[PDB]
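We count ligands from 1, going down the list as the structure has it; atoms in each ligand are counted the same way. Below, chain A is the first sequence line, B the second, and so on; all start at residue 1.
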Protein chains: 8
Amino acid sequence: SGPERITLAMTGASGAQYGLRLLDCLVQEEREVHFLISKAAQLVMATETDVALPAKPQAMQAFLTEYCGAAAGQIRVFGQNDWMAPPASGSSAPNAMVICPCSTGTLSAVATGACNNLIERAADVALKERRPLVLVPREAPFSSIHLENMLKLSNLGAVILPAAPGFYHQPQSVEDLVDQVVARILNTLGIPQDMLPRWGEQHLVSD
Amino acid sequence: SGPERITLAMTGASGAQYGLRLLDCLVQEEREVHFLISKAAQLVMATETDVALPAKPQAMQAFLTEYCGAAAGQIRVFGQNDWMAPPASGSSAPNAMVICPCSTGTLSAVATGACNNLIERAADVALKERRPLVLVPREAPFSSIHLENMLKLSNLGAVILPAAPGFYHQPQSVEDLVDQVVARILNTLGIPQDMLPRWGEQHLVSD
Amino acid sequence: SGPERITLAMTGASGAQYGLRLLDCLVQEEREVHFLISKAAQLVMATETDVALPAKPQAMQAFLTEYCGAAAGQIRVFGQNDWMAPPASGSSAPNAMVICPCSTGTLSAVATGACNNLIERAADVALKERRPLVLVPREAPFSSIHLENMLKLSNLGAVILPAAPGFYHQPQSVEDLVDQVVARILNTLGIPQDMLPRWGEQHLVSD
Amino acid sequence: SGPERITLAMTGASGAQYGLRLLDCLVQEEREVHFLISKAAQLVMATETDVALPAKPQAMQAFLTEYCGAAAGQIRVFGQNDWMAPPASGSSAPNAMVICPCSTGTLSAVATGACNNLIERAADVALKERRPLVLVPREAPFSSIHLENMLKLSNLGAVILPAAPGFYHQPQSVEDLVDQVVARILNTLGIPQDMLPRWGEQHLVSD
Amino acid sequence: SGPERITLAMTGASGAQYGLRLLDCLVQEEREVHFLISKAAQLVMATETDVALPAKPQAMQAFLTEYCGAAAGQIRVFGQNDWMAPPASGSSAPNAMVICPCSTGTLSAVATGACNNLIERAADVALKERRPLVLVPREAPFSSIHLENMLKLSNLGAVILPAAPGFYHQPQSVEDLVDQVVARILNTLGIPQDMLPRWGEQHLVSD
Amino acid sequence: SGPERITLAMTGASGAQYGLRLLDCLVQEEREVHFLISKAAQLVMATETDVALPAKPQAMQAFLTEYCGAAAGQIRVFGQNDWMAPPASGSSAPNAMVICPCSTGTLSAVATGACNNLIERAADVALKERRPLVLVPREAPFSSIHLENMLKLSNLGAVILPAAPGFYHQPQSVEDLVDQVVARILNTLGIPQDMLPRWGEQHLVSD
Amino acid sequence: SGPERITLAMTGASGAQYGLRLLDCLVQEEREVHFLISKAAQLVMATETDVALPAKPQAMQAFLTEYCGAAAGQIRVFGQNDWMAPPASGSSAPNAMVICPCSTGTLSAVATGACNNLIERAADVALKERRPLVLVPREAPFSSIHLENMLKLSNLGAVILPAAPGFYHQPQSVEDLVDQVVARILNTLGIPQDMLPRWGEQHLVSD
Amino acid sequence: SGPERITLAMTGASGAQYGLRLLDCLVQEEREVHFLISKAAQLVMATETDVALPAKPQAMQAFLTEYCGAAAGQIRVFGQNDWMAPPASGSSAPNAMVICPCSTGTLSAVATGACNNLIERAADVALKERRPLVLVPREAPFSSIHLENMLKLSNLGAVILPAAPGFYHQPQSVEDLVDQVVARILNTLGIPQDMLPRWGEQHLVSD
Ligand SMILES: CC(C)=CCN1c2cc(C)c(C)cc2N(C[C@H](O)[C@H](O)[C@H](O)COP(=O)(O)O)c2[nH]c(=O)[nH]c(=O)c21
Ligand SMILES: CC(C)=CCN1c2cc(C)c(C)cc2N(C[C@H](O)[C@H](O)[C@H](O)COP(=O)(O)O)c2[nH]c(=O)[nH]c(=O)c21
Ligand SMILES: CC(C)=CCN1c2cc(C)c(C)cc2N(C[C@H](O)[C@H](O)[C@H](O)COP(=O)(O)O)c2[nH]c(=O)[nH]c(=O)c21
Ligand SMILES: CC(C)=CCN1c2cc(C)c(C)cc2N(C[C@H](O)[C@H](O)[C@H](O)COP(=O)(O)O)c2[nH]c(=O)[nH]c(=O)c21
Ligand SMILES: CC(C)=CCN1c2cc(C)c(C)cc2N(C[C@H](O)[C@H](O)[C@H](O)COP(=O)(O)O)c2[nH]c(=O)[nH]c(=O)c21
Ligand SMILES: CC(C)=CCN1c2cc(C)c(C)cc2N(C[C@H](O)[C@H](O)[C@H](O)COP(=O)(O)O)c2[nH]c(=O)[nH]c(=O)c21
Ligand SMILES: CC(C)=CCN1c2cc(C)c(C)cc2N(C[C@H](O)[C@H](O)[C@H](O)COP(=O)(O)O)c2[nH]c(=O)[nH]c(=O)c21
Ligand SMILES: CC(C)=CCN1c2cc(C)c(C)cc2N(C[C@H](O)[C@H](O)[C@H](O)COP(=O)(O)O)c2[nH]c(=O)[nH]c(=O)c21
Ligand code: NA
Ligand code: NA
Ligand code: NA
Ligand code: NA
Ligand code: NA
Ligand code: NA
Ligand code: NA
Ligand code: NA
């Protein structure tokens with residue numbers, strides 16, 4: 001259940017841990033992942049984590065496959081101008097797409113149709129083909145520029161899913177908070193997850 | 001520096017820890033706090049924390065004063081229909097106002113001018129007097145209804161500051177994440193804080 | 001086929017018979033129903049029908065289970081402030097939601113995001129999770145305020161399904177008219193119904 | 001009291017019984033009726049009723065006069081391209097106009113100013129002369145296209161009165177439901193009716 | 001996979017070959033087709049092709065069945081005012097709908113809700129029932145009137161799929177170009193096709 | 001007749017054959033062409049054609065001059081950041097400008113004023129000087145993002161001329177289809193062409 | 001009085017003399033300046049002035065410090081992708097920001113939220129933190145694209161201060177004109193200047 | 001080439017030198033000029049220049065004819081309420097119109113259609129007849145009120161040409177700057193000028 005193939009793009013907002021945890025969960029659910037990452041996101045990851053991600057796609061693909069315990073060819077990695085990759089055309093096989101984290105600059109690019117690199121074109125294709133598109137911005141405050149871009153995209157059917165974890169299961173660790181956002185993304189995609197219980201599911205009637 | 005008096009309202013989004021930490025920081029900066037809390041927020045706090053907050057304003061005021069180490073009368077607590085309280089009129093002395101957490105229902109009330117209780121009227125007054133108003137929503141996804149309400153209010157000069165902590169100082173605890181959002185709120189108000197360093201302040205020139 | 005679980009909310013427009021007939025059909029299709037009812041809707045039902053609906057959720061649940069011939073736990077009843085019930089969070093298991101009848105006040109609440117009670121929050125969650133939301137208003141005239149609220153919600157993907165039965169199968173009773181609207185709701189949800197034939201299904205070619 | 005002359009147009013939505021009952025009530029209130037009917041409405045009437053309405057205006061006029069017990073010349077019937085009829089020019093004597101039923105296609109024509117036949121031109125004239133215009137759509141769901149057209153026209157002063165009968169007088173027959181809508185139309189026009197009591201008129205003070 | 005039943009309407013833009021090729025592919029995928037054609041489209045077909053399409057629905061149905069090699073009753077043909085045909089009511093069994101070619105006049109009719117014939121009403125029903133609607137305009141330049149109509153409909157969930165074939169598989173014939181557009185339509189509907197490969201499907205990693 | 005100088009920019013939509021055929025026709029009409037091409041368009045041309053276009057402007061200029069049979073200096077080629085070229089300033093001599101093919105990313109850049117390279121700045125100058133600007137997008141579906149960008153630009157006086165060839169002269173080859181679009185572009189510019197007859201020019205009166 | 005720290009960005013509009021004169025005045029008022037310059041602005045400066053500005057940030061910093069007579073570390077220079085610099089995060093110490101000259105491309109980037117380099121991100125941060133942002137465009141004509149971008153940003157609280165010097169103090173040199181614009185910028189920031197007298201300050205009453 | 005007759009209006013923004021230089025260039029190109037000047041512009045000219053312009057139209061006409069070396073009747077001067085002058089009616093012979101300088105008050109009048117004097121009516125006529133209208137505002141900052149007025153007028157086809165001279169030919173005098181704006185106005189009108197070279201005209205290919 002849910003999509004067999006997910007385009008996962010990481011862009012340069014803070015929150016690299018969310019994208020890595022989501023990649024890991026997707027691999028554990030036996031999904032094929034087309035993995036894309038922006039130059040600024042590579043710097044975020046080097047800044048915020050101890051993951052030493054190689055820069056070139058083939059080396060990055062090898063690295064992420066070992067990091068996640070993925071099967072061979074389960075993770076594809078495509079470079080930022082590789083227009084021969086599936087996500088660049090709506091004639092590709094259907095994927096769901098998630099941008100996590102989603103920088104304000106990528107939010108803006110997708111909202112205006114800029115298509116300046118493969119991540120932006122891929123989201124542009126997702127919208128024109130009416131395939132799932134989930135954006136996970138991380139910023140604060142949100143300015144009116146951010147909010148108008150999110151509103152436009154939500155009105156066009158994108159899911160605006162900010163990295164704003166809930167506290168209602170009493171988190172005990174940073175990892176608990178990361179998992180709550182990742183679980184919400186998986187819920188949105190329709191992919192099984194067991195990190196976030198189904199609210200009130202045992203609640204039969206009011207007190 | 002910054003406002004001497006802050007109206008701090010807690011409403012029923014998840015994230016009770018943010019409001020309590022902000023209250024604590026405000027008290028430690030010797031600010032007067034006019035504290036307001038919705039019925040649903042009281043349930044969130046009971047659900048997500050071990051804080052046993054008394055229900056009536058006078059008992060709540062005593063409790064919070066001990067919880068924070070506040071001076072006598074530094075924290076005022078007002079009930080949800082107490083139109084005699086300062087926040088209800090623009091002829092009151094100037095306060096900054098923060099709604100943290102800010103539920104989607106309170107976001108909506110403030111965006112449409114509903115003024116159904118003291119928290120909503122207080123924000124309505126803040127906007128009409130052009131006094132600071134900081135809203136800290138916690139929700140995911142944000143629907144187009146949420147986003148249009150945030151956009152309207154941001155366009156009118158409110159600060160939309162979602163509970164979306166950054167990871168770029170490598171948080172080690174839930175408390176580190178809570179402090180990053182609280183530090184941003186204090187920055188927005190112009191109140192000193194030492195939990196979040198000033199980005200790049202020692203960076204003199206590019207490599 | 002169609003959703004296993006339906007949140008059915010009744011609010012205070014005239015047309016209590018539509019909600020009761022829909023509840024009955026849903027139970028006969030072996031669906032789980034999370035049943036919600038507003039204080040004004042309780043008065044409509046007492047005014048327009050001979051159904052003596054108990055006021056408290058547990059007694060109401062017992063009553064409706066016998067009224068419909070439902071299996072045990074097939075109908076859940078939740079009170080108007082019970083934020084622990086599944087419909088209040090998008091992390092709940094997926095439901096479709098129907099508000100039938102839908103008062104103009106509830107139409108307005110859902111259109112602005114007011115979330116003042118469980119019915120309003122539940123619809124707010126349905127919209128943010130992109131789950132089905134069917135509103136059945138009953139009013140006449142529709143003012144521009146009603147129409148702008150319906151238009152906003154329809155543009156966001158809600159189904160505006162007014163209680164305006166068709167006459168093209170020559171109804172013979174009030175019950176025939178009620179069934180035509182209920183059949184349309186079930187069609188919209190994708191749930192089998194045999195009260196309303198499929199138009200023109202035997203029509204092979206034009207005369 | 002109310003208008004002496006009513007242009008009553010029937011167009012091809014389901015609900016032929018509403019137009020016929022309204023015509024009958026208007027005749028019983030000694031009003032002059034300029035009766036117009038679309039080709040699709042003629043098919044609806046043949047489908048949904050046992051009224052065998054002749055096709056040509058003069059024969060239709062004779063038929064409706066006997067059907068209603070009208071006085072001679074009280075009902076005028078005009079064909080769909082008869083630009084010499086009063087409703088086609090604002091220099092005609094003042095009429096109120098009702099389109100009942102109002103198809104979605106006629107709703108659209110009137111909203112955009114299409115004026116493709118006498119019914120559409122007549123409504124266009126009603127709007128430009130600021131004479132009463134009451135539209136009785138019957139459709140479900142209402143799409144955003146329907147809703148934007150109704151909203152535009154309501155904003156211009158038309159009355160959008162959907163065929164959505166209320167149940168709050170406990171209807172016992174289809175005829176009771178038809179009369180509730182017809183009574184609302186007559187109320188809107190300011191014409192006496194005794195089918196629908198005046199709500200709460202004997203209610204002096206609250207319990 | 002994909003819809004069992006497709007309403008295929010041809011209207012009077014140039015590109016008759018696209019509609020005929022799509023009809024053929026749909027028949028080869030064992031789909032039921034409800035075929036509709038406008039008077040102007042009949043003239044386009046006579047102008048641009050050597051297909052001698054009979055004018056009356058029954059003869060047209062016989063002709064198209066032989067032209068495509070369809071099974072008996074697989075292709076239904078309905079006339080332009082046949083309101084008894086399934087596409088005219090949302091209570092019909094669910095179809096996807098394609099207008100190919102889509103003239104600018106039909107684009108306009110569907111955008112404003114004109115419902116002047118069965119093709120227009122059928123698309124109006126598709127939108128109100130939230131069933132698939134794919135419009136294939138062929139015009140150049142697109143004026144702002146065309147573009148505002150397409151934008152409105154795309155915002156309401158219609159797919160605007162212009163007859164603008166791609167060249168990236170190096171077409172060798174007019175037929176290759178026609179197949180690229182038809183393949184895109186089938187992709188949009190979710191119907192198998194083998195004329196257009198899935199872009200980059202064998203591309204594992206960037207060079 | 002028509003402009004003496006045309007800025008022809010090729011960007012990375014499919015349809016490289018259209019730009020090359022247009023360049024050829026312009027040269028055969030003795031027009032001066034300022035030729036610009038994006039990095040992605042160079043990849044399209046290598047993918048979709050057997051034209052081996054050199055990468056550097058001077059070599060590209062030599063190549064295109066031989067390819068077209070142009071006179072010396074009739075084709076100028078400018079690099080993507082060459083702000084000293086005429087198209088970059090409105091104080092240049094007047095040109096008409098055509099972007100053919102026009103990618104969705106360039107459509108977006110021109111619609112928002114991005115001016116990130118010489119093609120984008122050149123179109124920005126064309127709009128501010130009210131000089132002709134013809135955009136030839138090739139995409140399908142057009143999303144609402146594409147359509148809003150085209151609509152904005154058409155409202156500002158740009159010509160949106162999609163690569164959507166007509167079939168009403170019964171094309172026999174891919175080349176016939178390419179020529180129909182190129183002929184429309186030349187018509188739009190006011191430049192003589194003999195590939196597309198003038199519709200109905202010998203038609204004196206209706207049958 | 002006025003801000004202690006100013007982010008001064010130069011982008012590629014004509015008017016390099018304005019940015020250099022402003023930098024000089026800021027240094028003479030003992031302000032800290034975080035200096036940013038785009039690649040196109042470097043070409044403008046080389047074209048329009050005899051200032052030989054080194055390309056790398058450290059050499060540029062040394063050069064500008066001598067050019068202005070600045071104290072050590074008073075001018076910081078940051079490269080176009082240096083996300084570790086203060087202006088890139090709202091958690092930095094508060095600055096006012098001026099883009100002078102402001103190209104139409106940078107105007108567009110800031111209006112849409114593109115954040116493609118440090119100048120664009122810095123302005124995006126200024127807007128989200130509600131810190132001063134002054135844009136000094138230099139273009140003529142202003143197209144509707146330019147004007148809509150300026151209007152959006154002015155509505156969000158940016159100051160649109162075009163390089164349009166006044167003549168009402170009878171300028172005698174180009175330098176007089178440059179100083180009038182620079183004086184207006186300093187006035188806007190609240191920084192003392194003595195180049196532009198205060199209009200009418202000695203005017204006590206009308207003649 | 002270009003218009004034979006120009007309506008040149010001067011209104012009370014700073015920049016009187018621009019209008020006088022433009023008048024002079026127009027006279028040297030043997031154009032007929034219908035010269036209009038507002039009361040506030042007369043005060044600007046007295047303030048900013050040593051031109052002693054007589055107040056009454058006939059004396060002003062004599063003066064300007066000698067100032068420019070104009071032929072007899074080449075410059076017509078019309079008073080501010082002279083509705084018998086050509087510019088007041090669209091039935092006059094075609095002129096291009098320039099308002100230089102254009103005060104913010106005149107910008108506003110023309111944007112709203114105020115027509116309070118001959119300059120405002122003349123621009124209103126230019127817009128309704130679709131004749132050239134060039135506005136040369138001089139103000140800084142531009143407020144959102146200024147920007148919305150300029151945007152409206154630019155969208156209606158007026159040219160918004162702010163007095164914002166470029167520096168890219170290294171001006172040496174105030175006069176050089178004035179000539180750059182005047183040259184742009186003449187370019188916009190299509191009138192020969194030799195003060196501003198054609199950018200890049202000798203640039204054949206990129207380096
Ligand atoms: C401490 C800073 C600079 C703030 C947190 N953060 C962030 C952290 C780090 C450590 C780096 C380096 C960069 C950021 N940014 C800025 C962002 O990368 C820029 O807008 C950039 O152009 C994005 O481009 P892409 O869309 O990825 O192609 C960024 N952008 C954003 O939208 N949200 C963020 O949290 C942050
Ligand atoms: C697990 C649930 C139900 C989700 C997380 N969450 C939350 C947790 C708990 C534990 C409770 C009880 C309630 C919420 N809600 C719902 C919210 O309180 C309602 O909209 C309510 O009417 C708000 O009214 P006020 O504006 O405070 O007057 C709420 N609202 C919101 O905007 N964000 C939230 O995170 C949550
Ligand atoms: C004869 C009357 C008062 C009209 C028919 N009708 C109705 C019947 C009865 C018998 C009662 C008592 C109330 C109504 N109302 C009014 C409605 O309940 C109010 O707006 C109310 O606040 C709704 O709140 P909720 O959204 O349910 O929380 C209501 N509202 C509405 O939208 N449509 C209706 O038909 C009617
Ligand atoms: C079972 C069907 C097809 C649905 C109910 N219904 C209806 C019943 C019958 C039995 C017929 C024949 C037709 C309808 N229609 C379609 C409607 O007539 C078309 O839009 C038509 O062009 C209208 O043109 P006019 O505006 O009258 O000129 C129609 N239109 C509408 O707006 N509401 C309706 O209820 C229905
Ligand atoms: C060479 C002409 C006239 C242009 C190409 N073309 C076309 C070819 C032929 C050969 C015919 C006869 C007609 C067209 N038209 C005009 C179109 O049919 C009219 O708008 C007409 O009212 C459409 O009504 P419908 O929506 O079908 O009911 C039309 N309309 C359109 O939108 N795109 C087209 O390509 C063309
Ligand atoms: C099979 C693909 C990927 C689809 C057809 N096609 C295309 C073919 C080929 C073979 C390549 C390589 C690229 C495309 N693209 C994508 C496009 O180049 C990107 O948006 C790109 O950033 C454009 O940048 P520029 O505006 O030129 O600077 C593109 N873009 C577009 O708008 N229309 C197209 O047809 C296609
Ligand atoms: C004579 C020309 C080309 C006109 C005056 N001028 C200018 C002069 C020179 C000498 C150069 C080289 C460039 C310009 N430009 C074009 C501008 O740099 C481009 O839009 C460019 O992408 C800007 O990118 P950035 O925003 O700086 O990153 C530019 N842009 C602008 O907005 N205003 C200007 O005056 C001019
Ligand atoms: C130093 C001042 C007052 C600023 C520069 N300047 C100017 C200089 C002088 C010396 C005078 C006297 C007046 C101005 N004004 C104000 C302007 O004339 C008023 O809005 C006035 O009503 C205009 O009416 P009109 O449209 O001409 O009928 C004006 N208006 C404007 O739009 N731009 C300007 O530069 C200036
Ligand atoms: Na681009
Ligand atoms: Na209230
Ligand atoms: Na509330
Ligand atoms: Na007509
Ligand atoms: Na019609
Ligand atoms: Na740029
Ligand atoms: Na970017
Ligand atoms: Na006046």
Do B/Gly105 and ligand 2 have an N or O pair less than 3.5 Å apart?
no
Any N/O pair C/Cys115/ligand 2 closer than 3.5 Å
yes
Kindly confirm or rule out an N or O of A/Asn116 lying under 3.5 angstrom from an N or O of ligand 6.
no
Parallel, tilted or perpendicular: which one describes the rings of E/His203 and A/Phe78, with boundaries at 30° and 60°?
parallel
Will you find, in the side chains of A/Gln80 and A/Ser38, an N or O donor that is under 3.5 Å from an N or O acceptor?
no
A/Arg121 with F/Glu139: basic N within carboxylate O range, under 4.0 Å
yes
Could you tell me whether the side chains of A/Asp176 and A/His169 share a donor-acceptor contact shorter than 3.5 Å?
no
Just which atoms of ligand 6 are under 4.0 Å from any heavy atom in A/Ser89?
1 (C), 2 (C), 3 (C)
Would you mind listing which atoms of ligand 6 come within a distance below 4.0 Å of any non-hydrogen atom of F/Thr11?
26 (O), 27 (O)
Compare F/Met45, A/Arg121, F/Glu120 and give the one whose heavy atom is closest to atom 16 (C) of ligand 6.
A/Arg121
Would you please say whether a donor-acceptor pair under 3.5 Å links the side chains of F/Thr106 and F/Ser103?
yes
Looking at ligand 6, does any of its N/O atoms fall within less than 3.5 Å of an N/O of E/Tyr168?
no
Could you name the option among A/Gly90, A/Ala114, F/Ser103, A/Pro87 that has the heavy atom nearest to atom 26 (O) of ligand 6?
F/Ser103
Full working for salt bridge (charged side-chain N to carboxylate O under 4.0 Å, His left out) between E/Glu201 and A/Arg76
CA-CA 11 Å; E/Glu201 189 183 32; A/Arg76 307 208 205 172; over 6 Å; no
May I ask you to check whether B/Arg138 has an N/O atom sitting below 3.5 Å from an N/O atom of ligand 2?
yes
May I ask you to decide if E/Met195's main-chain N or O and E/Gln193's side chain share a donor-acceptor pair within less than 3.5 Å?
yes
Please report the closest heavy-atom contact between E/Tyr168 and E/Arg184, naming both atoms and the distance.
OH-NH1, 3.2 Å
What atoms in ligand 6 come closer than 4.0 Å to a heavy atom of F/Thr104?
31 (C), 32 (O)
Report yes if some N/O of F/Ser38 lies less than 3.5 Å from some N/O of ligand 6; otherwise report no.
yes
Report, in ascending order of atom number, the atoms of ligand 6 lying under 4.0 Å from any heavy atom of F/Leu43.
12 (C)
Nearest option to atom 23 (C) of ligand 6, as decided by whichever heavy atom of F/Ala40, F/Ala109, F/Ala163 sits closest:
F/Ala40
Side chains of B/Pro87 and B/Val125, heavy atoms from C-beta outward: is any pair under 4.5 Å?
no
Interfacing atoms of ligand 6 (cut-off 4.0 Å, heavy-atom, F/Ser14)
6 (N), 34 (C), 35 (O), 36 (C)
Per-atom contacts, ligand 6 versus F/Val44 - under 4.0 Å to a heavy atom
9 (C), 11 (C)
Taking all heavy atoms of B/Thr49 and all of A/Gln170, pick out the closest pair and write down the distance.
N-NE2, 3.8 Å
Please find the pair of heavy atoms, one from B/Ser14 and one from B/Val44, that lie closest to each other, and give the distance.
CA-CG1, 4.1 Å
Per-atom contacts of ligand 6 with F/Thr106, taking only distances under 4.0 Å to non-hydrogen atoms:
25 (P), 26 (O)
Ligand 6 contact by A/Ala88, heavy-atom criterion under 4.0 angstrom
yes
For ligand 6, which atoms sit closer than 4.0 Å to a heavy atom of F/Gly12?
7 (C), 13 (C), 14 (C), 15 (N), 16 (C), 17 (C), 18 (O), 25 (P), 27 (O), 29 (C), 30 (N), 36 (C)
